[PDB]
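1. part one of the complex, untouched from its place in the assembly:
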Amino acid sequence: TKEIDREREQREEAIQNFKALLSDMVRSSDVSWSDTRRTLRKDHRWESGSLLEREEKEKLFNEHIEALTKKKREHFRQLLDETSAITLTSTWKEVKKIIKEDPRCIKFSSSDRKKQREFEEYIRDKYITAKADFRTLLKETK
Amino acid sequence: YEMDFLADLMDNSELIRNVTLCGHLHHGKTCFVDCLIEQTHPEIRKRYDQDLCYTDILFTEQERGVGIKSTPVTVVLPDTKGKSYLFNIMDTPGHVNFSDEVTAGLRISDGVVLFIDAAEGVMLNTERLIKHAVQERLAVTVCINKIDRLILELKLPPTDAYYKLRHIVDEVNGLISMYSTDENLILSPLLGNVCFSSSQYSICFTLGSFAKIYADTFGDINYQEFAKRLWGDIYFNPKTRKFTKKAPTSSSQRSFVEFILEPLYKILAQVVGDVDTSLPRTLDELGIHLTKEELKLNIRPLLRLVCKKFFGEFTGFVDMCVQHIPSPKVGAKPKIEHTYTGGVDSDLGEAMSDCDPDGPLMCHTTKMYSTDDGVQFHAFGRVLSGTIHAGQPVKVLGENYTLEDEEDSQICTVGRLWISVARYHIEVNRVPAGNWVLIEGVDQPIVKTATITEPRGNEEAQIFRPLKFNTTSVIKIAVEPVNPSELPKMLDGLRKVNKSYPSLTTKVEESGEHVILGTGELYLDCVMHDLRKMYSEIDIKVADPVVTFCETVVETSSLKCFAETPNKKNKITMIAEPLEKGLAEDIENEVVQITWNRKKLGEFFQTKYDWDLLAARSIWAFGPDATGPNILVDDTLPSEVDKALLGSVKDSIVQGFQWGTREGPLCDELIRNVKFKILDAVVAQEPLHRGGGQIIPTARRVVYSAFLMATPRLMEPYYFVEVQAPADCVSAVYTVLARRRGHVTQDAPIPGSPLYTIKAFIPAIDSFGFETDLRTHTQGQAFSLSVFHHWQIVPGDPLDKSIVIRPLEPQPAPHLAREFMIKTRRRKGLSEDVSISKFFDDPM
Amino acid sequence: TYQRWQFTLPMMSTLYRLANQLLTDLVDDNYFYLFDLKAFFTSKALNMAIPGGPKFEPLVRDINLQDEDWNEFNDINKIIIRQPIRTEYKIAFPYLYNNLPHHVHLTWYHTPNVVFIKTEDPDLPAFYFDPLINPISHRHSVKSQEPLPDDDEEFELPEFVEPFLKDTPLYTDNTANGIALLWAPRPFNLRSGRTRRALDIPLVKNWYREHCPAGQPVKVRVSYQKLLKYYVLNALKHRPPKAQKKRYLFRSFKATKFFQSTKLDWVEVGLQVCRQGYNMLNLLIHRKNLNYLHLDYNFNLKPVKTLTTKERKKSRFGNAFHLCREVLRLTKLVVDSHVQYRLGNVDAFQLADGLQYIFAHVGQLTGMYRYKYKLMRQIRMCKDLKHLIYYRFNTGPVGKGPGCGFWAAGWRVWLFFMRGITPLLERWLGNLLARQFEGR
């Protein structure tokens, strides 16, 4: 039971190998589980995780793709944090030129509508933080 | 034993045999030699409660138990019945790093002895040691110590014990047959190559001595007729009165089982149990008549006394050490053929081929030994040829010495000679060949290796090859002083300790750090103890450990690294790619050397590497120092045309590659699994501009541009932890290995005793106290041992400037590679912002 | 005089299976794992506390920490921190990790796991293959179904000698107990020892150095910590004594006519000593002409009529009367407890329970604090020894009730105490008797 737990509950080498094939053989979140599997079936390391089921493998691939997308979104947020023109009334399509040099905005996703949505989300987060700071200051305003 | 008789027997003949023991974690060695010293030196009596060492003259081994200092001893052992012989036994420790030390010190002995536990059996150190000894082409004489630990501790029957011994011998012979095809030494269960020992109880004998005992008390002719069938598969036939090797009766056991083990267990049960009742009734039949005061002892010393009176003076092991462990007159040929740099075709080769004390002198110091005064340490060495005398000067030499390089030489007068006993020392005025002498006065010019020739007349003398270890030391530690105004004393102690422990090697990087390289944790511990306590009395600070990594190419290079010379007359292009891992391990294992014909290397590549015909025929050169896995290649359409001019500037290119592989841009460490193929190489007809000034560094730049621009990846070492422990400790070991980047390789219930041997890897980054962590949770039942013999690539790709381990977290991400990169470049002082890919790209 | 003995084999096996309750049947000499002596000395000198409890104060070197903030030798950037280096690693082999060691000892490295076949009962044979380990070899490569070649010389190789041990007792006698005697380290490994004193044998020393607690509260843990502290501090101050020229008391008294030997029962001698002490103190107080005080035979000095004119300044002893009173109170209390035992007390285990409570009371009830405050060391020792027993005694059915316990350690400690402090009271009486009988 201890061995089967260290393998499957922790296959633990196979789970690490699945995560490693998702991290090394794949780097962009644009690829899904099915397409990435159909592409990487030719590889020799893909068969190393044969002990694991296809469902767990697809789930790990989806988790890795989501984590990569989250890292790209965090990088785009860090690039927008350095944007000097970014303010409350900052434009999405107008500021897209500023996010052209920053690869985190272009390499994250080729969806311009998604870029505008991310700009709106950053605007909302900045507004929430500003309102929080204003409430904190008013709490200490005599 | 009279010292005059020792001197007479020394310069008597080649009857004096040379031996070096071999064992692992107290499996039969220092207690055995304590029994030997008690047999030879009767006034040196052993204690009653505590065990007597007679091999740890120093204090660290006494306080830890694990011996460190190999203490060789020479004894007048009249163990051959009706004869006498001289034995030069080199005691040996058992720890893995100290096992590499012993393997470096095993060059001297013409043969090898093994002490395997009767219960534990085979371990990892022996698993490496058999291969090492077979690689050195030395004799083998198996012996089995701690036999009382089988009959008393386990309380087994005879038949199970004999089957256990059968399995031990079968495993040993299988390992040897896997090592090589030595049919002469292999298959040795009964020929004389099997000794028995109970060192704690002095129960030690062999088949020949057993038959001699029966022939002496009441018996027949010697073991040549009787001991040839005491081995199993042949029972006794009292009807026919002979050994029925054919279909025997039902109620019958092997002659070993009923002649040896039967009375053995009989006297054990009569001494342990019924010590008041069945003692005299069993001892007056066959044993001694010890006084009533002798029977007033505890069970253990009384049992040892009775075992010593039974095996009266241990006349069993000289009968085999002379049998198969050859004399030095015989072993001079292969030992010199394997050690000496040149071949036997040299005049010195055939000269020292015989142990002529009057001839060309070829001494060889291996282990450096200190004295009561730390400022002067002696040196022990095997005298292969010649005869050394008190005050005779000798031409000490170094490993870097050569027939053309006369720089590593320095004369020195041999001050005072001694004999190695490890408790006393016998002064000597004259030493014949086949001898071990404690040299004085030569302490200064000695290096990790040492060779000696005559100061005049011994010209045209080559040297012995630098010894290997079979265990690459990967640990890296810094040792800087407490007060910085103590540097020279610390460095003097460091040099003295380096000369003491040959396995390590001093170093000072570009960052001005005092670095040490050890094989294990306990190795560095004992080293630093002997440093701070013996070689240097200065308070010194110590940092944490770190493993010496190497670089590797994950895939083929993207673009051709065009590193052009500064003279605008040389355009070198080298495309690098990896190769098979087993081929690199064989190149490192001395499988496929470089000194071979073109057809030989071609067949080796077409069969082993499975390379192409023109691919293998176009072999360029070897790796750094002709020992590391760095494949150079040069093949192209114009490469087949203008290879002559480039061949003129190929020596500098190979030298630059060998010097660049020694320190790469990844982490300022070695490189492995690199196949540098030179495609574009402009060679000018004018050697002035095409000279060395634009050969070495341009090639280095091309090599680094290919190694950095071809998907690099580090290579961290993996140990091999063999933890013999019960099942609960097995689950605990699984938990710890899972918590420290482990990988369960093999785990099984090792028979003989309840010890589930867990064989699994541990990385050195997470190996900081594997034994300590295993013994902390397992309640002291999992004394494992590690050995670094497997390098693997970390899964990181430290080229992207996105991951940064700012806080003091242990890099849980797969950016652990970049974490170690930043840490290593900060520890080495080089530019931590490693971004030379664009700088060393060399656009053209 | 009952000097050394010479015990037999089964006489020790019977005593061993009796004492199996108070003994450690985990003989390996490896389960300590640097919870031993040398590791404790290293933990002290290194100034790091092992989690076993002994957290001492540092050595003469009072350097706490923060020798330097950020050197190039101790920079956090240039370190590959893959795992931590705890205090256990620093205690194992300190000369590597410990920066600037001093006065440090090392610890053994015992890999030989002591294997043993602990059978069930003495009905099995001696050398029985316990189905515990593994198959023997599971071998199948051996192929010798046909006869061997050594046949002609075999017939020419007779056995002209009697057998090896055919006239032996089948190697199956009362010997497995003899084998078990070996692994009994101190008591039974010695077959003929030397006459040892009663109190020298603690009977509890082997408990608080085996990692007893497995979820016990802070009380038992601090108790074992204090016990190990006393143990190690005793191990330190141990130099070989060779002096005093063999000066003995109660050996020359009998030579004079101020002493006579006799064989009188123990309770009688105790009551005699108590009455003599009370008589001595009463004659002392009477020589001082204080006719308004009374000890009451429990050695609780009682007033009479509120002496407060100039008398309360006349009865301010403070030093020795207080201490002699406390000591004789303890002695007379123990003696009267055993007198009630002989005089029809509870007479059961209630006696030993009472003795345990009496040592608790000597910890707290008996008023010896004022004359000497160093008592609190041994009183914390006794209070820790208390919970050392109940969590070994009150385990299983007995879970809450008052475990009567034993005085194997309490009485031992108080014996050592009185043995060490006899000369102080000798000196104080030599100083005081001259002031009340000679002058000033």
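-> That came through, no problem. Numbers count the residues shown, from 1 in each chain, chains lettered A, B, ... in the order given.
2. quick one: terminal-to-terminal distance for stretch B:239-259?
-> With CA to CA, to the nearest Å as the measure, the first residue of stretch B:239-259 is 17 Å from its last.
3. Counting neighbours, show which residues of it come out buried.
-> Using 16 or more other CB atoms under 10 Å in any protein chain shown as the test for burial, stretch B:239-259 gives B:242-245, B:248, B:253-259. The C-beta positions use only the backbone N, C-alpha and C, and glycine is treated the same way.
4. Same question for stretch C:57-64.
-> Under 16+ other CB under 10 Å, stretch C:57-64 has no buried positions.
5. And chain B, is it touching that?
-> No: Stretch C:57-64 is not in contact with chain B by CB under 8 Å from any CB of the partner chain; minimum separation 11.2 Å.
6. How far does that stretch stretch from one end to the other?
-> 11 Å.
7. The stretch 251-400 of chain C: helices as residue ranges?
-> With helices called from DSSP state H, counting those that start in this stretch, the stretch 251-400 of chain C shows them at C:266-287, C:321-342, C:350-363, C:375-393.
8. Oops, could you answer that again for the stretch 301-450 of chain B instead?
-> B:318-321, B:328-339, B:347-352.
9. What is the distance between the longest one and the centre of its chain?
-> Average the C-alpha atoms of helix B:328-339, do the same for its chain, and the two points are 19 Å apart (CA atoms, centre = their mean, to the nearest Å).
10. Chain D comes next; put it on the structure above:
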Amino acid sequence: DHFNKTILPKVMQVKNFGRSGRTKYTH
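-> Below is chain D, added to the chains above:
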């Protein structure tokens, strides 16, 4: 003991100029 003995600055066993003892069952 009516007080909390936690709001105190660091600790207060006894300021009676007699704090020979040193213990609070931390270990």
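11. For the stretch 651-800 of chain B, give the residue positioned nearest to chain A.
-> With CB to the nearest CB as the measure, residue B:731 is the residue of the stretch 651-800 of chain B nearest to chain A, at 4.2 Å.
12. So for that residue, what's the nearest residue that isn't a sequence neighbour?
-> Distances taken as CB to CB, 6 or more residues apart in numbering or on different chains put residue A:2 closest to residue B:731, at 4.2 Å, once the chain neighbours are dropped.
13. isn't that neighbour right up against residue B:730?
-> Yes: with contacts counted by CB atoms under 8 Å, residue A:2 reaches residue B:730, the gap being 7.4 Å.
14. between those two, who's got more neighbours?
-> More neighbours surround residue B:730 than the other of residue A:2 and residue B:730, with 23 against 16 (other CB atoms under 10 Å in any protein chain shown).
15. Now do the same contact list for that one.
-> If you count contacts by CB atoms under 8 Å, 6 or more residues apart in numbering or on different chains, residue B:730 has them with A:2, B:747, B:756, B:758.
16. how near is it to residue C:425?
-> Distance of residue B:730 to residue C:425, given as CB to CB, to the nearest Å: 61 Å.
17. Ok, residue C:312 next?
-> For residue C:312, the distance to residue C:425 (CB to CB) stands at 26 Å.
18. When the two are compared, which one has more neighbours?
-> Each of residue C:312 and residue C:425 has its neighbours counted (other CB under 10 Å); residue C:425 has more, 16 against 11.
19. one more chain, chain E:
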Amino acid sequence: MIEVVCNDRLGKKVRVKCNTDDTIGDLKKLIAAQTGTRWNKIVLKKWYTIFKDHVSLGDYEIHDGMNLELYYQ
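-> Let me add chain E to what's already shown:
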């Protein structure tokens, strides 16, 4: 709840924890339980202000620390 110091300058500095609205008979029981003398024999005074075995504790209004010169009957 109250802590009282049944004190004396003759090797008896006793600390009894008395109840708030309790009598003195129980206080004498505690003083005997901690002092080692018969119950009915104990006497408590403060300059001849002999406290009796029926007058309550809060009647005199003793509070935490009020020491009492101990004497025996």
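20. Look up which helix or strand the closest residue to residue B:175 other than its chain neighbours falls in, please.
-> What sits nearest to residue B:175 in space, not counting adjacent residues and going by CB to CB, 6+ apart, is residue B:130, at 5.0 Å. Here residue B:130 sits within helix B:124-136, counting by DSSP states H and E.
21. That helix: what's the following helix or strand?
-> Taking DSSP H and E, what comes next after helix B:124-136 is strand B:141-145.
22. What angle do helix B:124-136 and that following strand make with each other?
-> 160 degrees (axes from the mean of the first three to the mean of the last three CA atoms, to 10 degrees).
23. Could you give the number of residues near residue 4?
-> In the absence of a named chain, chain A is used. Other residues near residue A:4 come to 10 when the count uses other CB under 10 Å.
24. think we crossed wires, I meant chain E
-> 22.
25. cool, residue B:583 as well?
-> That count, for residue B:583 with other CB under 10 Å as the rule, works out to 21.
26. Could you do the one 3 residues further on as well?
-> The number of residues packed around residue B:586, counting by other CB under 10 Å, is 16.
27. Equivalent analysis for residue D:13, please.
-> 12.
28. how near is it to residue C:328?
-> Taking CB to CB, one finds residue D:13 at 34 Å from residue C:328.
29. Report the distance from the one helix or strand residue B:300 maps to to the chain centre.
-> Per DSSP H and E, residue B:300 falls inside helix B:299-310. Taking CA atoms, centre = their mean, one finds helix B:299-310 lying 35 Å from the centre of the chain it belongs to.
30. Many thanks, have a good one.
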